[PDB]
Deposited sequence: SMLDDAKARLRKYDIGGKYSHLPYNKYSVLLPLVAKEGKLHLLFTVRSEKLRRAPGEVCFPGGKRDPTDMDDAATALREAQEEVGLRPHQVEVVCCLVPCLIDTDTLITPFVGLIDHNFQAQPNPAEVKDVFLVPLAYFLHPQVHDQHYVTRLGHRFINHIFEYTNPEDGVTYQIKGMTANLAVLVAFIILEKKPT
């Protein structure tokens, strides 16, 4: 099936816990995959305008590890619950993708999660101003804008609202799209 196929593909790129013990400042992100109308989508947030770090920007749910977290996946799930109400019974963590190094002292670990078909986002307004879905296939033929620097623009056909997706968030989306959709019969 579509979902079994996605997981089998994703597992071949799982790096494991290899890098997770290194002595960095540590953050995790969840890349939430949602099936809708016969196709896979990614779920994104727009961060609240009142946050210190990157207010108003499009990003995946995530944040800083704390001492309660058993491992890096736990950080990602704790943060996804706090930001959009996603509960643990509603997500299957499938793998851990290549982590991102930044500012010489920080390591960000992305986890791909399959989301339950009855989940509905309850955005917490102190952290998240908006929640939206993008079809995974958009990332193979995006609408690119040059700020010189590559920015994606996505317009939701439901309401005509345009979103800008960039940086690490945009890089990870393209990666997940390549992994799951490359080389497929129609």
What ranges of the deposited sequence are left out of this structure?
-> 148-157
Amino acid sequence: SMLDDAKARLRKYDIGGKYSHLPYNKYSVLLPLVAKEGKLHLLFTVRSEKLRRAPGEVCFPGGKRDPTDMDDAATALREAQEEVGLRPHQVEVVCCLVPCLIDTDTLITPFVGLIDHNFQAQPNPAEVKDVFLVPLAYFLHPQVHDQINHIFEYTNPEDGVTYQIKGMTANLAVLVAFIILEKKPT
From here on, numbers count along this sequence of modelled residues.
Of 137-145 and 59-67, the stretch with the higher mean C-alpha B-factor in the deposited entry is 137-145
Compare the mean C-alpha B-factor of 47-55 with that of 116-124 as given in the PDB entry, and name the stretch with the higher value.
-> 47-55
Place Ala35 in the lowest, middle or highest third of its chain's C-alpha B-factors, as listed in the PDB entry.
-> middle
Consider only the C-alpha atoms of the modelled residues in this chain, order them by B-factor as the entry records it, and name the third containing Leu42: lowest, middle or highest.
-> lowest
Taking the entry's C-alpha B-factors for this chain, is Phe152 in the lowest, middle or highest third?
-> highest
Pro110 - which third its CA temperature factor falls in, relative to the rest of the chain | lowest
Please rank the C-alpha B-factors of the chain's modelled residues and tell me whether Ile180 sits in the lowest, middle or highest third.
-> lowest
